[PDB]
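Next up: a single chain in structure tokens, the form solved without ligand RCO.
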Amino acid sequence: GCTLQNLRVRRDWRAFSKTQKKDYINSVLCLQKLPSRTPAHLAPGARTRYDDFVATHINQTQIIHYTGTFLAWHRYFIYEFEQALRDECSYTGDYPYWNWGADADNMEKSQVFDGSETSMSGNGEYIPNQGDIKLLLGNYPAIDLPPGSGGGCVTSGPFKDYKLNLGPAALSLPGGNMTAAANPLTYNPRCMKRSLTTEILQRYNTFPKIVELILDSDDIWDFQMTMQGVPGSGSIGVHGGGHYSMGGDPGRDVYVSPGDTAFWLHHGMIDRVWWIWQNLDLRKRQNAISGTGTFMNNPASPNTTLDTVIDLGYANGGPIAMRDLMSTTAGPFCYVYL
């Protein structure tokens, strides 16, 4: 199946040429023009194929974060997105990732976020005198985060005229309040907001943090909890840092986060870090799983196993077992990271 001949390579965004960057960006725009597949009565707010991906994430958020299926489900998700870009948008380039480490002293100068024509758009319109973001996970003390250097709609770049249609589902706001639609799958068109927060990166996504994550995680449990943020440490891990550092809407919504176009580059890096960690010890780590099928095991559910079946709903793909997802060179996958 996976052979040296049909091996694809996943590459840092900093390693894409100007022409390669736009090829990718244009593909994603093409996803935002194509009509949605999700049946209107299940997600009335859906319009585009991109919406289809956003909807499944909202629909499944409760069963795909702090579960045994978190890493694998996301690996599939971004895989089937890539497959959309290829099969429907005629993309023939490589899957990009966002190397957090390289932008942690100055996020506004990040090639992902410089706001130029080769970025995923940039900062939001500056809003002064904003309160702090307070994240409560469960019932531990809230983590305190700076509001960032934007806050309003994105000012420049290829996604300035991009309409976000679904959400908000649980959007953290400056000051600590939280916006939640009666149901986030209905039509609520608005612009993508961002408030770039370099400080957040300084705390959680520096190169020391990333290496620590890889080298000090003895078991999948330790790995995936350190990545997501062990509730009660005041860490939100690399995965939280990457999300909240984008600020804005839906940067700060756990459910609607794919609504931000940097999601895919963010999760490319998640997948890369995971893949790396796995490969330090394939015999024990290749197929390791820990956790249940529910967020923090609340309500309790069965332990996830290789036999556990997961899907992307109407976004793309079909039902697929976990044993088919454990390797980037097995099942439906045949790629590495450079």
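The term rigid core refers to the most C-alpha atoms you can superpose between the two forms while keeping them within 1.5 Å. From 1 onward, residues are counted along the sequence shown.
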| property | result |
| --- | --- |
| Between stretches 136-144 and 167-175, more displaced by Cα RMS in 5 other deposited structures of this protein (rigid core superposition) | 136-144 |
| 155-163 set against 96-104, stretch whose average Cα temperature factor tops the other in the entry | 155-163 |
| Mean temperature factor over C-alpha atoms, higher-scoring stretch between 26-34 and 59-67 | 26-34 |
| Candidate set 258, 176, 241, 208 [ranked by C-alpha B-factor, highest] | 176 |
| Residue, from 168, 237, 268, 189, that the PDB entry assigns the highest Cα B-factor | 189 |
| Modelled-residue ranking by C-alpha temperature factor, third containing residue 291 | lowest |
| Chain-wide C-alpha B factor ranking for residue 80, given as lowest, middle or highest third | lowest |
| Assigned third (lowest, middle, highest) for the C-alpha B factor of residue 213 | lowest |
| Residue 134 by Cα B-factor - lowest, middle or highest third of the modelled chain | highest |
| CA B-factor placement of residue 201, once the chain's modelled residues are sorted into thirds | middle |
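This protein has a second form, the form solved in complex with ligand RCO, left out of what is shown; the following refers to that one.
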| property | result |
| --- | --- |
| Contact test in the entry with it bound: residue 193 vs ligand RCO, heavy atoms, 4.5 Å | no |
| Distance check, residue 167 to ligand RCO in the entry with it bound, heavy atom within 4.5 Å | no |
| Ligand RCO contact at residue 257 in the entry with it bound, heavy atom, 4.5 Å | yes |
| Non-hydrogen atom contact residue 65 with ligand RCO in the entry with it bound at 4.5 angstroms | yes |
| Answer range among 237-245, 90-98, 155-163, 116-124 for contact with ligand RCO, defined in the entry with it bound as heavy atoms within 4.5 Å | 237-245 |
